[PDB]
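Shown here is one chain on its own, the form solved without resveratrol, set out as structure tokens.
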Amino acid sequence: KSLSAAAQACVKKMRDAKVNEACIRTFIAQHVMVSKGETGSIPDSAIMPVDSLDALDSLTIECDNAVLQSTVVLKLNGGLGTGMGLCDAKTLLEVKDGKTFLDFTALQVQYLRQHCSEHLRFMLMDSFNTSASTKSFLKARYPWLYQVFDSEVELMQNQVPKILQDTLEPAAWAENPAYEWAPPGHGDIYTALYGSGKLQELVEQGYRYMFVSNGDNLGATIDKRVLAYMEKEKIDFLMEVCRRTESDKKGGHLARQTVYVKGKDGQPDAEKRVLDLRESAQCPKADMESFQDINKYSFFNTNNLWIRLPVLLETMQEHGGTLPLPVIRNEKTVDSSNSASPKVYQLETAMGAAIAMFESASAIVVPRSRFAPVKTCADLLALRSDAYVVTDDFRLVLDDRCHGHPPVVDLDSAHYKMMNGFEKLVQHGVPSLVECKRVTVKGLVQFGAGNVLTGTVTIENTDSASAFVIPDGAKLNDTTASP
């Protein structure tokens, strides 16, 4: 079929590698779009703010046991935390008390089975980058998961060809041909579910809902109220959003994309509010100050998502066996560390974007207990610290003393972006942050043993040659400390 010579080269390459067809049909529609100049840009001009949503904390109704039992849980596990200097799955980092993201995830599942739903179904979406390590970490530590890993747990995401910028042909990189390929973002979950046959298998088995969340978000868990809300309101797709803080910078905001709908009368013309997501990579830099404005776009996507599985299966079947999420065209070199390697486009989607694919879509505001993201080492420090606690059901959430506000941790990006620098900052121990509204570390620093930070603290070293090492036991309150 289609159509340009570049596109055909992509189809051939993909088929030769036995990539499944649903992934092929999806990639190619994106390629067609990109070849017409689509970048995935969503300018401010194209959207508006959303201002009223229901709040989860206002809801009280719980779903029945059959509804809960129809619910599958899936965790995202396919990216690497490269910004924090990681070359393997982020879920493998230790978060609290000598346990990793993966450990807590498994414990949350174990707890649900014991207490809540005996046969609860759990899935991990792995990529080629993360699959072997996840599988090995599991074999050792959660054998009940490892049995059934290949068979039931893992959803393997697609690989799609990186395409050359100049031609839109598939990239050649003879030094490492695997670098000619990448997982096409978390938006790929739908394609992978469908293409694998797993989606149909789940519907056949009688599962009706899927709850999906980021691997780095240990807050996120099944909530019976959400399920009940969905049933009562007949929602096919639901996005959990948090009221946006200062700290929410790596992510997406909820938006409204403007339409008036025809009720078998042309007279009027009330218009449905069609919700959408704008990712950071979708915002033209010119409009970036707007994107950053936490008043204007005050609802931030958690990536806690609810999907009514039959509706999804059907939507896809009828859209040619695909879900037509807006492509995001990233620019990279084929090898990330070689700046001179061929320039590419990497085509990706975001799973949140599916809010636009359903007539019955919405969003609900949720508390921070459901959202403890780790995108940065500063996030990691807070989570590691006493600000965060482990619940009976193995979630990590803020200590009650915090009152739902995470401590604002601002760490000098020069020194604490990479995992190594961060480990250095805390070589002598993680400070108490539970009482700290904001901590700012500027320049090169180390915490001492047993430090306690309260109120608003700035630790500043402008010397930059020697580490300001905080003395053991120091209590810092509403102060600037300096050498």
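Note that residue numbering begins at 1 and tracks the sequence as displayed.
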Would 250-258 or 358-366 have the larger average of its C-alpha temperature factors, as given in the entry? 250-258
For the C-alpha atoms alone, is the average B factor greater in 396-404 or in 137-145, going by the entry? 137-145
Hey, out of 17, 22, 469, 9, whose CA B-factor is highest in the deposited coordinates? 469
Between 126, 118, 188, 201, let me know which has the highest C-alpha B-factor in the entry? 118
Consider only the C-alpha atoms of the modelled residues in this chain, order them by B-factor as the entry records it, and name the third containing residue 433: lowest, middle or highest. lowest
Per the entry's values, where does residue 271 land by CA temperature factor relative to the rest of its chain, in the lowest, middle or highest third? highest
Would you mind checking where the Cα B-factor of residue 299 ranks among the modelled residues of its chain, as the lowest, middle or highest third? middle
Using the temperature factors of the C-alpha atoms in this entry, rank residue 132 within its chain: lowest, middle or highest third. middle
Lowest, middle or highest third - CA B-factor, residue 349: lowest
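What follows is about the form solved in complex with resveratrol, which we do not show.
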Three residues, 60, 63 and 224; all within 4.5 Å of resveratrol in the deposited bound form via heavy atoms? no
Based on heavy atom distances of at most 4.5 Å to resveratrol in the deposited bound form, which listed stretch, 338-346, 310-318, 235-243, 265-273, is the contact stretch? 235-243
The one residue among 368, 384, 135, 329 placing a heavy atom within 4.5 Å of resveratrol in the deposited bound form is 368
